[PDB]
Amino acid sequence: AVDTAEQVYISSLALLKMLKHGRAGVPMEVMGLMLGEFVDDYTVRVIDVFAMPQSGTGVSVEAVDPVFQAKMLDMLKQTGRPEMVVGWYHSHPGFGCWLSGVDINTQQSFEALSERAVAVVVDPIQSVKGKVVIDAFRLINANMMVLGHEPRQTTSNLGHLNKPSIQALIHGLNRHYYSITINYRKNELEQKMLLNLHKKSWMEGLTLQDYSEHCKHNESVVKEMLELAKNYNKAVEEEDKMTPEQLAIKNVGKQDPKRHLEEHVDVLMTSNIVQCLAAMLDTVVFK
Amino acid sequence: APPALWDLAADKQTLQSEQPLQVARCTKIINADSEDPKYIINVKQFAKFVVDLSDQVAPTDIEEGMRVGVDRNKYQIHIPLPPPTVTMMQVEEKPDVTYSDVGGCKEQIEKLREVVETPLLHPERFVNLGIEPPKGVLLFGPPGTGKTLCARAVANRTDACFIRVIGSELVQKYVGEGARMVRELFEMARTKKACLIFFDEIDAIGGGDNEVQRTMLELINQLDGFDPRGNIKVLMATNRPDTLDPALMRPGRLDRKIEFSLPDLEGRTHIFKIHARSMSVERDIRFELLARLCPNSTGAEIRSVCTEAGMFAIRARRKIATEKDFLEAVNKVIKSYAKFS
Amino acid sequence: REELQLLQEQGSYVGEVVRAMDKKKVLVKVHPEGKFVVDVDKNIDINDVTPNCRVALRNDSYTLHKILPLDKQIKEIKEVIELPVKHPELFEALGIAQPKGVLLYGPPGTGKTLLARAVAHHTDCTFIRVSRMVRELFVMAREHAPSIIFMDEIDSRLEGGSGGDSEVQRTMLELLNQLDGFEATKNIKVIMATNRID
Amino acid sequence: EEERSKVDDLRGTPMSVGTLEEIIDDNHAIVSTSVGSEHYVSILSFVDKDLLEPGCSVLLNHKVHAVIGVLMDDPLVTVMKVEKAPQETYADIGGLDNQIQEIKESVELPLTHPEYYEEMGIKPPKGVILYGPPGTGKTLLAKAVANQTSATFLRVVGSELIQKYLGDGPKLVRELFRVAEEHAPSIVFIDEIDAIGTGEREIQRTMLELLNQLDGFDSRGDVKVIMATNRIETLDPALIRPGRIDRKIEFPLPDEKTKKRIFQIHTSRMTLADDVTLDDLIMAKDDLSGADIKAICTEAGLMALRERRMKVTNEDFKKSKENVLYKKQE
Amino acid sequence: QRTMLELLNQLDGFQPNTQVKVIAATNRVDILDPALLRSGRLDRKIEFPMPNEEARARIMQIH
Amino acid sequence: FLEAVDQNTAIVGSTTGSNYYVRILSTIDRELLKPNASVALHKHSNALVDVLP
Amino acid sequence: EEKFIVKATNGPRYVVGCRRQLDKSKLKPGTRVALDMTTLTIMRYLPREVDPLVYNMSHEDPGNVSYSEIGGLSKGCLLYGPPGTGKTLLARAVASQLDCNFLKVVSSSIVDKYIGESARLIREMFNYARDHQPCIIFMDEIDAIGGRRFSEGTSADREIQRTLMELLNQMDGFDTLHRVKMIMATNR
Ligand SMILES: [Zn+2]
């Protein structure tokens, strides 16, 4: 009878594999298996994550083929992947990320070997593209109902675990079903390779190609955007002619939610492209 | 709260018992079965579903259009269940008029008595002496004292009074219930070891009317169809012969159309003999006198003579009824009502 | 962005309470396949939520937020309309028994709208017109009391139609019970109009 | 205490209000809703399962729909019958002594004074059916009030309760039959029978079903049903033979002498002046019931009571008689 | 005639009608439809008169 | 859109007929608060960006 | 022009975008299209149709030798009924050869159980014949609708003869039939 404060390490491998698996996350139930290595009690690291073929039955213990699982795991053992399985993941579209009776039964059956048995449910269907916040699930012991529910130390990270604060699922089904915190990790090779890879993904090939395109489109296409920009500017100035009357009458309180200032600041920012690219044309013409 | 105390303490095992029996798919009823694996089912939400049969329910226990429990996760049939109120409401087991009310028909009472009383008493005599016992008779025409011979046939069984079925209960809202009605009362007729079933008021289901043509043509398919039985009993009671479909389909299995209009002089004293167990009649009252002092006095009309005359005997505040005290009720209820009718 | 989780809440429903229960479990009439009885949130009291009113209810937590909703004619009329123009205060010291209303019977050629809106236009006060739907405008006349009210639409044996008409006769009788009953707001003066057997 | 406050998770946020259909002896009942969702779950606490009377609205959940509680229905049943015993007996009205001893002898012989009822061996538990040309509860309640002296009573006035709502069917008649079953020593009184006189196709089938359940095909002698309409021609001839099987009677025309007796009864407790004549009062009336003369006796006793006097003068009773002369002509 | 001529159109415009036959029997030939003559339609017209006392004694003997 | 009960918050009727209570976004001014207007929320966020003419 | 409003069959309306593959040709309004559950993209459109239009545009009879199997046989055509048959094999022989369509007109389609306003079907179907440039009309078993109206006809005969009056008004009335062809088949 002892418990610690565990935290699931999530690298970009399992993340991107759950993003491609979320793209393949059809309404039909899907299956997946997580791998890794157990170094101590209160830490768990995932490295290898793959997908499983779909079945008409869906998420179930019968769909997990032991000769296929052990066959692929053996083919990972003959390669440079000497990691044992650490858990299984799946997708729950529509009805929420909670776990049904079948999922908790195959979780109870799959947790006999690994005491941790990390469970992750990805649901990118109804989640907006602004946040990719994912949560890992855990199974509590049925004999711990007499004593405290979760005797987990280091209660600081629970404030970060309070971000999924839906008022129906977390404490709507929190009995006999709790969760765990999630952190990330990134080395310098992922930082510089993925950082320079994304900057290059927003940059050009030689980085000098599409500059003169806009530098010379300022004279052909942007002129229409400058004339229309002046049409919006005058289209606001026609009301700014009426503003000094109200400002000359009341001077107390603000009733119009429009600021008429920051939009024109943005118009000036779009208009400064001519100034910033004029020096570019000066460099291209010079040398 | 005192009832909820012992059950509240008995609510602990309801959590460990909540995982089973949780399955409920709104009790969807099936329609037919093309093959044994796949069953076509239709839910009440007008959504037709198809699922395979589970291992907990035998295929021989499946009935056409049977409401059974079915899972909403595996979609399989976990456990069936036995379950209109008019069907069980129409059950009738009560003693009633005996044979003593024969309405003067000397030959007709034997034409129906040899088919209502004799075939049950002598099953081997009619199979060996012939090929099968007779089918039944057909009482129709003028109402008069109708339904008296029906109670006669009900009470004149030496074993147990049987069920009678009126026809005015099928013309109701939500048509289609008649099919399951006749199929489950004929199924119960198979359960009652070849019991006899009487069908009253065929005119209330015969003679748009296609929704009635379903129940009455299916009724013909269940009568001419010997699946429940083709030998027990056939008898219909109607006021008018304006039902041509049962009249043209009846020669297949129904037979022996007879009539029962009115009794004779020596019969009304026998309806008074069955009224000897009615409201207390003094020994001074002669049944032959009161019987002969009223012509055109069929068993129903003199049943109303004993009803209204019974009412005036109650209003008289007397210990016993005397003919001199209710004869005014007799000739008043037959003559004052015979004036306009 | 903290509200973005309430955007992810898929919105919220519109609850309508029809009956309050004493067990702190108020049933709320909702959209069909609704009728979800539930206890309200702890920061909102139960007694304040009145039945037969619409409220704001969340779609998952089922918690309540708040409650939801002619020179001679002008010479003779100066004492009637031109008197309350300049001295609204004198209506408490003056004890000369100012009249409550005035009637003008005859062919309504000029004087029904141009006179009342012209002299009332000199009064610079609001002009409310009458134009069962005959009681809500009387409640509006109770709210905005200081004005010039004029009958224009009604000017056109006992029976049920004389009982329904007797509802408006009761409206003007209680106008004599309020006006002639007790003065509560200066400048209450009205003008009658009647041209027939009435 | 904790076991009482631990089932709050089921009655918490995931809670709904459904409509139960029936209770099955296999400890799992069937419920319904707007779409008719049938879920069977083992019963829980706080339920009665005996007085529940299936077929009403119950409490459901967003969960597997375990029944956590129930909610009482129809406060509408309260306005159906009266539970008091009025002092108006069968000896307070005259002229129709035979007409009142016909129903008194008709329905007061069963269950009371049984030596003339159970020794005969007839038991016609159907009762008589009456109709009052004045109606308005005065004559029909003055004849039915004889049974109200020392007995339980059941009253039903008007067919509005069937027509003021959607076509639920004969379930309300089943409620009257179960309250009459649990209240067998009572008298069923149906008043203002204007079902077919006032969809319309369903009124005929719930009225013929009213005749079906009213006939008592499965019940023994349990209660005496007394029906009372206004016009005997509105009722179809099919509602006569099954329903009316005991006896029916006719009521005379209340023109001068029956209105003189009604006036005497309505002016027996009150005090009137000597100059109050009767010929003008029984002359100015024309086909009037007792509710309006009771209304002018009430407003005449109050109007004469305005002067702190109980004596009703002739001019004040004619001034109140103008309400009678106007009301019937309006 | 709409339904009947529809059936005759399904016995005239359908060359793959070589499948299951459609046997018909009429109790009287007073109103004889002239459009019932075709290879697929009612072409086999074998007259079945009233059996004589000999034939009635035969069918009654075997029955 | 059905009704506006207060500032920065109103009710909106869905296409299925059920009325929804959603807090409007602060960027949208009071011009889009017309009672009879063609408002359009999000499929998941259920927030209005602009109305349709 | 890039993003427009869609109307789903179920009742709720949505707005979608434009896919980089398709163009603005089929994107014009008034054309039923298809959508996807994810991202509400557009794969292709959905051409509308009707129920009887499937029957009028689906039946096809094969066989090209039947045109040469009619035997030694070398604005309207009358196929009457002497003691010799095979008119269905010939009309269905050329109809099975090309016929340019399968516009079959059955004599049981002018029943009009309700009020006899079959003029909407004469002008509707013959308006389809005038709309489509090629058209061939078959009229088999016209003897049922070919009543001679010798005596005073009832309401059932007067409406059929009124459709014959529309046939008169559209054959020798104020409308030519130079391009369309009708084949009147009968029995007597
Ligand atoms: Zn699922």
# chains A, B, ... in the order shown; residues from 1 in each chain; ligands from 1
call {"tool": "residues_near_ligand", "arguments": {"ligand": "ligand 1", "cutoff": "12 Å", "atoms": "only C-alpha atoms and all ligand atoms", "output": "ChimeraX atom specification"}}
result
/A:26-30,57-60,90-103,123 /B:72-74
call {"tool": "closest_atom_pairs", "arguments": {"of": "chain A", "to": "chain G", "cutoff": "12 Å", "atoms": "only C-alpha atoms", "output": "Markdown table"}}
result
| residue | atom | partner | partner_atom | distance |
| --- | --- | --- | --- | --- |
| A:22 | CA | G:38 | CA | 11.9 |
| A:23 | CA | G:38 | CA | 9.8 |
| A:24 | CA | G:38 | CA | 11.3 |
| A:25 | CA | G:38 | CA | 10.9 |
| A:26 | CA | G:38 | CA | 9.8 |
| A:27 | CA | G:37 | CA | 10.5 |
| A:124 | CA | G:38 | CA | 10.8 |
| A:125 | CA | G:38 | CA | 8.1 |
| A:126 | CA | G:38 | CA | 10.1 |
| A:128 | CA | G:39 | CA | 11.4 |
| A:129 | CA | G:39 | CA | 11.5 |
call {"tool": "write_last_selection", "arguments": {"atoms": "C-alpha atoms", "output": "compact mmCIF listing (two decimals), in the first residue's frame"}}
result
# COMPACT_ATOMS: atom_id res chain seq x y z
CA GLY A 22 -6.22 11.64 -35.27
CA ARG A 23 -6.35 12.42 -38.98
CA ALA A 24 -7.10 8.71 -39.41
CA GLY A 25 -9.42 9.00 -36.40
CA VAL A 26 -12.59 8.04 -38.27
CA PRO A 27 -15.84 7.73 -36.23
CA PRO A 124 -9.33 16.14 -32.56
CA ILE A 125 -12.81 15.96 -34.13
CA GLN A 126 -14.59 18.61 -32.03
CA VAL A 128 -10.54 23.53 -32.32
CA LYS A 129 -7.20 23.95 -34.10
call {"tool": "residues_around", "arguments": {"residues": "residue 27 in chain F", "least_positions_apart": "5", "cutoff": "12 Å", "atoms": "only C-alpha atoms", "output": "PyMOL selection string"}}
result
(chain A and resi 256-259) or (chain F and resi 8+32+47-50)
call {"tool": "interface_residues", "arguments": {"of": "chain F", "to": "chain G", "cutoff": "12 Å", "atoms": "only C-alpha atoms", "output": "number ranges by chain"}}
result
F: 14-17, 40-43, 52
call {"tool": "interface_residues", "arguments": {"of": "chain D", "to": "chain C", "cutoff": "7 Å", "atoms": "only C-alpha atoms", "output": "ChimeraX atom specification"}}
result
/D:12-13,15-17,34,330
call {"tool": "residues_around", "arguments": {"residues": "residue 203 in chain D", "least_positions_apart": "5", "cutoff": "12 Å", "atoms": "only C-alpha atoms", "output": "count of residues only"}}
result
22
call {"tool": "interface_residues", "arguments": {"of": "chain E", "to": "chain G", "cutoff": "10 Å", "atoms": "only C-alpha atoms", "output": "PDB file with C-alpha atoms, in the first residue's frame"}}
result
ATOM      1  CA  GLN E   1     -57.640  -0.815 -66.346  1.00  0.00           C
ATOM      2  CA  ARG E   2     -54.669   1.212 -65.109  1.00  0.00           C
ATOM      3  CA  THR E   3     -53.461  -1.609 -62.859  1.00  0.00           C
ATOM      4  CA  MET E   4     -54.598  -4.335 -65.270  1.00  0.00           C
ATOM      5  CA  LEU E   5     -53.098  -2.719 -68.374  1.00  0.00           C
ATOM      6  CA  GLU E   6     -49.993  -2.107 -66.256  1.00  0.00           C
ATOM      7  CA  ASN E   9     -47.527  -3.982 -70.028  1.00  0.00           C
ATOM      8  CA  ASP E  12     -45.795  -7.421 -73.111  1.00  0.00           C
ATOM      9  CA  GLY E  13     -42.826  -5.068 -72.700  1.00  0.00           C
ATOM     10  CA  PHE E  14     -40.657  -7.474 -70.669  1.00  0.00           C
ATOM     11  CA  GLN E  15     -38.738  -9.966 -72.815  1.00  0.00           C
ATOM     12  CA  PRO E  34     -59.528  -8.450 -76.291  1.00  0.00           C
ATOM     13  CA  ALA E  35     -56.010  -7.400 -75.220  1.00  0.00           C
ATOM     14  CA  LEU E  37     -54.065 -12.480 -76.544  1.00  0.00           C
ATOM     15  CA  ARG E  38     -50.271 -12.850 -76.634  1.00  0.00           C
TER      16      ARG E  38
END
call {"tool": "select_by_dssp", "arguments": {"residues": "range 205-307 of chain B", "states": "strand (DSSP E)", "output": "number ranges by chain"}}
result
B: 236-238, 257-259
call {"tool": "write_last_selection", "arguments": {"atoms": "N, CA and C atoms", "output": "mmCIF file, in the first residue's frame"}}
result
data_model
loop_
_atom_site.group_PDB
_atom_site.id
_atom_site.type_symbol
_atom_site.label_atom_id
_atom_site.label_comp_id
_atom_site.auth_asym_id
_atom_site.auth_seq_id
_atom_site.Cartn_x
_atom_site.Cartn_y
_atom_site.Cartn_z
ATOM 1 N N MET B 236 -71.076 -17.968 -35.378
ATOM 2 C CA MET B 236 -71.129 -16.518 -35.488
ATOM 3 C C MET B 236 -72.548 -16.043 -35.219
ATOM 4 N N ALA B 237 -72.665 -14.891 -34.562
ATOM 5 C CA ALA B 237 -73.953 -14.296 -34.226
ATOM 6 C C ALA B 237 -74.016 -12.897 -34.821
ATOM 7 N N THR B 238 -75.004 -12.662 -35.680
ATOM 8 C CA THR B 238 -75.173 -11.372 -36.331
ATOM 9 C C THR B 238 -76.652 -11.033 -36.417
ATOM 10 N N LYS B 257 -76.332 -23.453 -40.892
ATOM 11 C CA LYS B 257 -76.999 -22.195 -40.580
ATOM 12 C C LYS B 257 -78.417 -22.470 -40.085
ATOM 13 N N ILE B 258 -78.732 -21.988 -38.885
ATOM 14 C CA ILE B 258 -80.023 -22.210 -38.255
ATOM 15 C C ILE B 258 -80.596 -20.865 -37.814
ATOM 16 N N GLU B 259 -81.767 -20.919 -37.180
ATOM 17 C CA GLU B 259 -82.476 -19.724 -36.750
ATOM 18 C C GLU B 259 -83.021 -19.927 -35.344
#
call {"tool": "interface_residues", "arguments": {"of": "chain B", "to": "chain A", "cutoff": "12 Å", "atoms": "only C-alpha atoms", "output": "PDB file with N, CA and C atoms, in the first residue's frame"}}
result
ATOM      1  N   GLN B  16     -22.777  -3.017  -7.746  1.00  0.00           N
ATOM      2  CA  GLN B  16     -22.158  -4.167  -8.392  1.00  0.00           C
ATOM      3  C   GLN B  16     -23.124  -4.891  -9.320  1.00  0.00           C
ATOM      4  N   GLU B  18     -25.314  -3.004 -11.102  1.00  0.00           N
ATOM      5  CA  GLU B  18     -25.673  -1.999 -12.094  1.00  0.00           C
ATOM      6  C   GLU B  18     -25.013  -2.267 -13.439  1.00  0.00           C
ATOM      7  N   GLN B  19     -23.859  -2.934 -13.442  1.00  0.00           N
ATOM      8  CA  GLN B  19     -23.158  -3.256 -14.680  1.00  0.00           C
ATOM      9  C   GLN B  19     -23.967  -4.215 -15.553  1.00  0.00           C
ATOM     10  N   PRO B  20     -24.604  -5.253 -15.007  1.00  0.00           N
ATOM     11  CA  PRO B  20     -25.533  -6.046 -15.816  1.00  0.00           C
ATOM     12  C   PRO B  20     -26.923  -5.419 -15.839  1.00  0.00           C
ATOM     13  N   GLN B  22     -28.174  -3.427 -17.605  1.00  0.00           N
ATOM     14  CA  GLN B  22     -28.202  -2.032 -18.027  1.00  0.00           C
ATOM     15  C   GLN B  22     -28.665  -1.862 -19.467  1.00  0.00           C
ATOM     16  N   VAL B  23     -28.751  -2.944 -20.233  1.00  0.00           N
ATOM     17  CA  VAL B  23     -29.004  -2.854 -21.666  1.00  0.00           C
ATOM     18  C   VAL B  23     -30.480  -2.562 -21.907  1.00  0.00           C
ATOM     19  N   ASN B  73     -25.556  -1.618 -26.966  1.00  0.00           N
ATOM     20  CA  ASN B  73     -24.124  -1.539 -27.223  1.00  0.00           C
ATOM     21  C   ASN B  73     -23.645  -2.640 -28.155  1.00  0.00           C
ATOM     22  N   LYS B  74     -23.932  -3.900 -27.826  1.00  0.00           N
ATOM     23  CA  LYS B  74     -23.669  -5.011 -28.728  1.00  0.00           C
ATOM     24  C   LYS B  74     -24.835  -5.289 -29.666  1.00  0.00           C
ATOM     25  N   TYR B  75     -25.980  -4.642 -29.444  1.00  0.00           N
ATOM     26  CA  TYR B  75     -27.182  -4.723 -30.270  1.00  0.00           C
ATOM     27  C   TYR B  75     -27.830  -6.102 -30.241  1.00  0.00           C
TER      28      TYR B  75
END
call {"tool": "select_by_dssp", "arguments": {"residues": "range 3-187 of chain C", "states": "alpha helix (DSSP H)", "output": "PyMOL selection string"}}
result
chain C and resi 4-8+71-77+83-86+114-123+136-143+160-178
call {"tool": "interface_residues", "arguments": {"of": "chain A", "to": "chain C", "cutoff": "9 Å", "atoms": "only C-alpha atoms", "output": "compact mmCIF listing (two decimals) with N, CA and C atoms, in the first residue's frame"}}
result
# COMPACT_ATOMS: atom_id res chain seq x y z
N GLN A 126 -13.90 17.41 -32.49
CA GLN A 126 -14.59 18.61 -32.03
C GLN A 126 -13.65 19.62 -31.39
N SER A 127 -12.37 19.29 -31.24
CA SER A 127 -11.41 20.22 -30.67
C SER A 127 -10.96 21.21 -31.73
N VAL A 128 -10.95 22.50 -31.37
CA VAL A 128 -10.54 23.53 -32.32
C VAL A 128 -9.03 23.42 -32.58
N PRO A 164 -8.46 21.03 -17.90
CA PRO A 164 -9.70 20.38 -18.37
C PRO A 164 -10.78 20.44 -17.30
N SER A 165 -11.49 21.56 -17.23
CA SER A 165 -12.47 21.82 -16.18
C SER A 165 -13.90 21.76 -16.71
N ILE A 166 -14.18 20.79 -17.58
CA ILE A 166 -15.54 20.59 -18.05
C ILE A 166 -16.42 20.16 -16.87
N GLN A 167 -17.63 20.72 -16.81
CA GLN A 167 -18.51 20.55 -15.67
C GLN A 167 -19.40 19.31 -15.77
N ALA A 168 -19.08 18.39 -16.67
CA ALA A 168 -19.86 17.16 -16.75
C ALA A 168 -19.01 15.90 -16.72
N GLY A 172 -18.16 15.08 -13.44
CA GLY A 172 -19.38 14.36 -13.75
C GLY A 172 -19.21 12.86 -13.74
call {"tool": "residues_around", "arguments": {"residues": "range 92-109 of chain B", "least_positions_apart": "5", "cutoff": "9 Å", "atoms": "only C-alpha atoms", "output": "CSV table (one decimal) with N, CA, C and O atoms, in the first residue's frame"}}
result
chain,number,residue,atom,x,y,z
B,114,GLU,N,-76.0,-31.4,-30.5
B,114,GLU,CA,-75.1,-32.5,-30.9
B,114,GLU,C,-73.7,-32.1,-31.4
B,114,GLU,O,-72.9,-32.9,-31.6
B,145,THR,N,-84.4,-13.0,-28.2
B,145,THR,CA,-83.8,-13.4,-27.0
B,145,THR,C,-82.4,-13.8,-27.2
B,145,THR,O,-81.9,-14.8,-26.5
B,148,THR,N,-78.9,-15.7,-25.1
B,148,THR,CA,-79.2,-16.6,-24.1
B,148,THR,C,-78.7,-18.0,-24.4
B,148,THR,O,-78.2,-18.7,-23.5
B,149,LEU,N,-78.8,-18.5,-25.6
B,149,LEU,CA,-78.2,-19.7,-26.0
B,149,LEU,C,-76.7,-19.7,-26.0
B,149,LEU,O,-76.1,-20.8,-25.8
B,150,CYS,N,-76.1,-18.6,-26.0
B,150,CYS,CA,-74.6,-18.5,-25.9
B,150,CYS,C,-74.2,-18.8,-24.4
B,150,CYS,O,-73.3,-19.6,-24.2
B,151,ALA,N,-74.9,-18.2,-23.5
B,151,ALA,CA,-74.7,-18.6,-22.1
B,151,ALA,C,-75.1,-20.0,-21.8
B,151,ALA,O,-74.5,-20.7,-21.0
B,152,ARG,N,-76.1,-20.5,-22.5
B,152,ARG,CA,-76.5,-21.9,-22.4
B,152,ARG,C,-75.3,-22.8,-22.8
B,152,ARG,O,-74.9,-23.8,-22.1
B,153,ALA,N,-74.7,-22.5,-24.0
B,153,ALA,CA,-73.5,-23.3,-24.4
B,153,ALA,C,-72.3,-23.1,-23.5
B,153,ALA,O,-71.5,-24.0,-23.3
B,154,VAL,N,-72.2,-21.9,-22.9
B,154,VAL,CA,-71.1,-21.7,-21.9
B,154,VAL,C,-71.3,-22.6,-20.7
B,154,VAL,O,-70.3,-23.2,-20.2
B,155,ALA,N,-72.5,-22.6,-20.1
B,155,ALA,CA,-72.7,-23.3,-18.9
B,155,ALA,C,-72.9,-24.8,-19.1
B,155,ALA,O,-72.7,-25.6,-18.1
B,156,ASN,N,-73.3,-25.3,-20.3
B,156,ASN,CA,-73.6,-26.7,-20.5
B,156,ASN,C,-72.4,-27.6,-20.8
B,156,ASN,O,-72.6,-28.6,-21.4
B,160,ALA,N,-65.6,-27.1,-17.9
B,160,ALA,CA,-65.3,-25.7,-17.5
B,160,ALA,C,-65.8,-24.7,-18.5
B,160,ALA,O,-65.6,-24.9,-19.7
B,161,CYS,N,-66.5,-23.7,-18.0
B,161,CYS,CA,-67.0,-22.7,-18.9
B,161,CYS,C,-65.9,-22.0,-19.7
B,161,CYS,O,-64.8,-21.8,-19.2
B,162,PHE,N,-66.1,-21.8,-21.0
B,162,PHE,CA,-65.1,-21.4,-22.0
B,162,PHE,C,-65.3,-19.9,-22.2
B,162,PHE,O,-66.2,-19.2,-21.7
B,163,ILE,N,-64.4,-19.3,-23.0
B,163,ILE,CA,-64.3,-17.9,-23.3
B,163,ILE,C,-65.2,-17.5,-24.4
B,163,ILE,O,-65.3,-18.3,-25.4
B,164,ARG,N,-65.9,-16.4,-24.3
B,164,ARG,CA,-66.7,-15.8,-25.4
B,164,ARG,C,-66.1,-14.5,-25.8
B,164,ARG,O,-65.5,-13.8,-25.0
B,165,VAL,N,-66.2,-14.2,-27.1
B,165,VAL,CA,-65.6,-13.0,-27.7
B,165,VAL,C,-66.6,-12.2,-28.5
B,165,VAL,O,-67.2,-12.8,-29.4
B,258,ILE,N,-78.7,-22.0,-38.9
B,258,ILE,CA,-80.0,-22.2,-38.3
B,258,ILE,C,-80.6,-20.9,-37.8
B,258,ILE,O,-80.0,-19.8,-38.0
B,259,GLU,N,-81.8,-20.9,-37.2
B,259,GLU,CA,-82.5,-19.7,-36.8
B,259,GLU,C,-83.0,-19.9,-35.3
B,259,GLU,O,-83.3,-21.1,-34.9
B,260,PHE,N,-83.2,-18.8,-34.6
B,260,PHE,CA,-83.8,-18.8,-33.3
B,260,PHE,C,-84.5,-17.5,-33.1
B,260,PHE,O,-83.9,-16.5,-32.8
B,261,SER,N,-85.8,-17.6,-33.3
B,261,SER,CA,-86.6,-16.3,-33.3
B,261,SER,C,-87.4,-16.1,-31.9
B,261,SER,O,-87.2,-15.1,-31.3
B,262,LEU,N,-88.2,-17.1,-31.5
B,262,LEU,CA,-89.0,-16.9,-30.3
B,262,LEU,C,-89.3,-18.2,-29.7
B,262,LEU,O,-89.4,-19.2,-30.5
B,263,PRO,N,-89.6,-18.3,-28.4
B,263,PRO,CA,-90.0,-19.6,-27.8
B,263,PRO,C,-91.5,-19.9,-28.0
B,263,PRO,O,-92.2,-19.2,-28.6
B,264,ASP,N,-91.9,-21.0,-27.4
B,264,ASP,CA,-93.3,-21.5,-27.5
B,264,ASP,C,-94.0,-21.3,-26.1
B,264,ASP,O,-93.4,-20.7,-25.2
B,265,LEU,N,-95.2,-21.7,-26.0
B,265,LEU,CA,-95.9,-21.6,-24.8
B,265,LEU,C,-95.3,-22.4,-23.6
B,265,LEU,O,-95.3,-21.9,-22.5
B,266,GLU,N,-94.8,-23.6,-24.0
B,266,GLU,CA,-94.2,-24.4,-22.9
B,266,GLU,C,-92.7,-24.1,-22.6
B,266,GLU,O,-92.1,-24.7,-21.8
B,267,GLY,N,-92.2,-23.0,-23.3
B,267,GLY,CA,-90.8,-22.6,-23.0
B,267,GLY,C,-90.7,-21.5,-22.0
B,267,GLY,O,-89.9,-21.6,-21.1
B,268,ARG,N,-91.6,-20.5,-22.1
B,268,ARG,CA,-91.6,-19.4,-21.1
B,268,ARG,C,-91.7,-19.9,-19.7
B,268,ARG,O,-91.1,-19.2,-18.8
B,270,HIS,N,-90.4,-22.5,-18.7
B,270,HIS,CA,-89.1,-23.0,-18.3
B,270,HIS,C,-88.0,-21.9,-18.1
B,270,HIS,O,-87.1,-22.1,-17.3
B,271,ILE,N,-88.2,-20.8,-18.8
B,271,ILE,CA,-87.4,-19.6,-18.4
B,271,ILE,C,-87.8,-19.1,-17.1
B,271,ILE,O,-87.0,-18.6,-16.3
B,272,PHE,N,-89.1,-19.3,-16.7
B,272,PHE,CA,-89.5,-19.0,-15.3
B,272,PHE,C,-88.9,-20.1,-14.4
B,272,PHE,O,-88.7,-19.8,-13.2
B,273,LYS,N,-88.7,-21.3,-14.9
B,273,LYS,CA,-88.1,-22.4,-14.1
B,273,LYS,C,-86.6,-22.0,-13.8
B,273,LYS,O,-86.1,-22.4,-12.8
B,274,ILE,N,-85.9,-21.4,-14.8
B,274,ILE,CA,-84.6,-20.9,-14.5
B,274,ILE,C,-84.6,-19.6,-13.6
B,274,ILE,O,-83.7,-19.3,-13.0
B,298,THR,N,-90.3,-13.4,-25.5
B,298,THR,CA,-89.0,-14.1,-25.6
B,298,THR,C,-88.2,-13.9,-24.3
B,298,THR,O,-88.4,-13.0,-23.5
B,299,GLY,N,-87.2,-14.8,-24.2
B,299,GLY,CA,-86.5,-14.9,-22.9
B,299,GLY,C,-85.9,-13.6,-22.5
B,299,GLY,O,-85.7,-13.3,-21.3
D,217,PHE,N,-67.5,-5.4,-17.0
D,217,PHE,CA,-67.4,-6.7,-17.6
D,217,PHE,C,-66.6,-7.6,-16.8
D,217,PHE,O,-66.8,-8.9,-16.9
D,218,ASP,N,-65.7,-7.1,-15.9
D,218,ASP,CA,-64.8,-7.9,-15.1
D,218,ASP,C,-65.1,-7.7,-13.6
D,218,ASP,O,-64.6,-8.5,-12.8
